[PDB]
Amino acid sequence: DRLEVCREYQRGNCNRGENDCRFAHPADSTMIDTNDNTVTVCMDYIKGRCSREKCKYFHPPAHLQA
Ligand SMILES: [Zn+2]
Ligand SMILES: [Zn+2]
């Protein structure tokens, strides 16, 4: 899974906010591919199985997985 990052979020301008927005709002420490502005998803998280203390892969909220 490779999710499109919210360009408005990246420039400090997302008026929808993270909860509503259907694009990714990744943390500054999260792996991002600058070639296409996507974040590769943590597949463990999708299954409720990510127990890593500091995972560097995007954990998509429920409304993005929908
Ligand atoms: Zn957004
Ligand atoms: Zn994870």
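Here PDB author numbering runs 179 ahead of the position in the sequence shown, where the first position is 1.
Each residue gets a CB set at the ideal place from its N, CA and C atoms; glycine is no exception.
Element boundaries [beta strand (DSSP E), containing residue i]
| i | result |
| --- | --- |
| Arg181 | 181-183 |
| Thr217 | 217-219 |
Residue interval of the alpha helix (DSSP H) (run including residue i)
| i | result |
| --- | --- |
| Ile225 | 222-225 |
| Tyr188 | 186-189 |
| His242 | 241-244 |
Outcome for residue i when other beta-carbon atoms lying within 10 angstroms are tallied against a minimum of 16
| i | result |
| --- | --- |
| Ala203 | buried |
Straight-line Cα distance separating residue j from residue i
| i | j | result |
| --- | --- | --- |
| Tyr224 | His238 | 6 Å |
| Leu182 | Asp212 | 10 Å |
Distance CB(residue i)-CB(residue j) smaller than 7 Å
| i | j | result |
| --- | --- | --- |
| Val220 | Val184 | no |
Rounded Cβ spacing between residue i and residue j (contact assumed at less than 8 Å)
| i | j | result |
| --- | --- | --- |
| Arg201 | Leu243 | 7 Å |
| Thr209 | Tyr188 | With 8 Å as the limit, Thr209 and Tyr188 do not qualify as a contact, their Cβ atoms being about 12 Å apart. |
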